[PDB]
Structure formats: structure tokens, C-alpha cells
């Protein structure tokens, strides 16, 4: 069959609308979401309202949030024609994240990286609008560094400066000023953010920061044209084959950007990465054709590689085969097995994604832990969300408490949305 990729793209943007924290705008399209977490603030009282909730919880996790933003923005820049008439909506969508990063950047060398204690947050089940627990905020500073989180945040802001150049130059300038300063913080104060924010080490443990130092430098090079950023990127070049592209590992993305700038080693590395993911490579294929990387977030890992493949094909890298692979993977997510893995879309979509707000009945009814375990479909449809997905033999359970199957997250949708745009321009 053929799929309505544009409808999915539009729903993905609505997923991000459903993840908004803070004071929502009057044109909020999600009728079951309202103002929430209005007291989010730093240890000096600084306003930290806004941003996206990470997943089915209410924590603001800076590393996946920033990677999501960078990745979304990359598609809006380089796959603009595919976005087409939805591009402006997509731009306004990601502004929510960018605004929040700028608030997090309270001073030159202090960057808030988390709002919410993941344990306390996950102990609650209910609407974000009705939270009453303490929501601690943790920052990165020279004595508690995080080159990974800071480098990714810098990348997002630099990518944003490119995206917004033409339509909102004053905003783009603000974004780039913060990007430069945040990147200097990341480069000058080396460390793993989840050692500095220990709460995060239970949820988004960072494996390494040098890949964010390369990625952020590449984005700043793209945003400024200043050679010093290429020189910095060259200090941190990807080594070997990336395991995947994700919130944790930036190497495959850096390979695409490096290839775009004429780096020959990177282009060969990118070819070697892609061929492993194509059929008959080193990546496991399920019997129904999903390129399956890991137990957790299998659809996300495939979508992320589909996005890389589409962008690589724009550089003339394994062009046709890359596009064939991307389409096959997207088609698995949308319906090729006979059901959709995108909430609110297609044939037999997931009805019970693991998401607190979606699980709740309409206001003014109470919502609590009984809503986590109810076998009924979620009362609210989390349109657009890509679920965790199946195991290595295509088995999947639409159970709200099967975390492996039915997790939803900002990062799960980020490559996915761009890959939809990329397919739309073929």
C-alpha cells in the first residue's frame, strides 16, 4: 500500500504540542492539556517554565530535549521542501524548546539541565496540571560540568539560528549568541552531565561527550562559517562505525555534516554505517522487515537511521538504496505489518500508549494510579506519537504498562518526523 506521510507529519507536530509544559498559548490544539508547572524555577528564582515533558512523565530532561530540537530543526532546514505547507507549523513547534533552552542559560557558565526529580515524578500518576510535588532544578557549572548536554543545547540553538535567519533575524541572533556561549561552556569545562546531575544517571545516562563536542562545533560552523569551529570539530572526529543515531550518540549525524563539507573519511564511514542497516547487513531484521537495533525504542532507532539515510542520500551517498531503506522502515511504522505504530493514525493504531495525561478522563473527573492499569483505550488520543514498538520477532503488546512496547518520548519522534519530510520530497 501507499501511506499518507503528510498526515503523519502533521500528527507528529501535534504530539509535540501535547508534550508542552508551562503556560500554553490560546491556540493550544490539545483540548485535554492546559497550563502546568508554572512554578518551575532555578535555585536563584529564575523562570524555567516551558519546554517539553520528556515522555509519559513530567520531567524536563535537557539532553534528549535538546537533541530532539536539533534533529527536528535539521529536517526543517535540509528537507524544507518536504515539510512544504507544514513548515511554518513545524518551526513554531520547535520554538517552544528553543525558548526554554535560552531560559535555562541563566548566566554564561550556568545551564539548567533538568527540572523534576525522575523518581518523585514517576511516583505520581495524573495530569501535569494537577502536580503538587517538589520539582527540583539542577544546573551545570564549571564545578559540575556537562559537555554532552551543553554541547547538544548549543547545537540546537545554532541549528535554530540557521532555520530562523530569514523569517526572524532578531530571534536568530539571540539563538546564536546563546549557542556560542553555551558551546564555549561545553568545550572549556569537560565532563559527563549525568555525573553532575546524578538524578539523570537513572534515566538518560550519557555514554560520552566528545561526540556532542563534534556535533555542536559542526552546527556552529554551519551557523557562522567560522573556521575555528571546523578546527574544533576536527578535534573530535567520529571513530569507527556508529552503533546508532540517538539522543546519546551523535556520530552518525556528524558523519552526514562532515560529508556535506567534503570530509572524505567521513563519507566512507557513512557508507559503512548505512550498508549495515540495509537488508543483508549487520543490523537484525525482524521477519516483517524492521531494522531492529535494541530492545528499547526499536522504532525510534530505525526512524533515526531512516532520517540519516535520507540526509545522506541528499549528499549523493548510496542514494537510491538509502531512500529505499528509509521508505521501508517508515512503512513498517505506518502500516506494512497490517497495523500502525503511530498513535491516532492509520489502521489499528496503539490505543494505550504509556502517557499520564492521555490516560486521564476528561476534566473534571479525577485521574490517578487506576488510570495507569485500566484495560480500556486511553480516553485522550496522543496523536502522532511513535511507540517503542516490537521485539525482534515483530511481537508487540498494546499495554499501557508494557514499557518496552508502549513508551512514547520526544526523542522517539524526532528522527521520525524528519524522515517523513524526507520521504515527502521524493
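Residue numbers count along the first chain shown, from 1.
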Mean temperature factor over C-alpha atoms, higher-scoring stretch between 329-337 and 78-86: 78-86
Per the entry, higher mean C-alpha B factor between 124-132 and 103-111: 103-111
Identity of residue with top Cα B-factor, from 23, 413, 406, 19: 23
Per the PDB entry, maximal CA B factor within 265, 188, 246, 302: 188
Where the record places residue 279 (Cα B-factor, split into thirds across the chain): middle
Chain thirds of CA B-factor: placement of residue 144: highest
Entry-reported Cα temperature factor of residue 293, expressed as the chain third it lands in: lowest
Cα B factor band for residue 323 (lowest, middle or highest third within the chain): lowest
Chain thirds of CA B-factor: placement of residue 183: middle
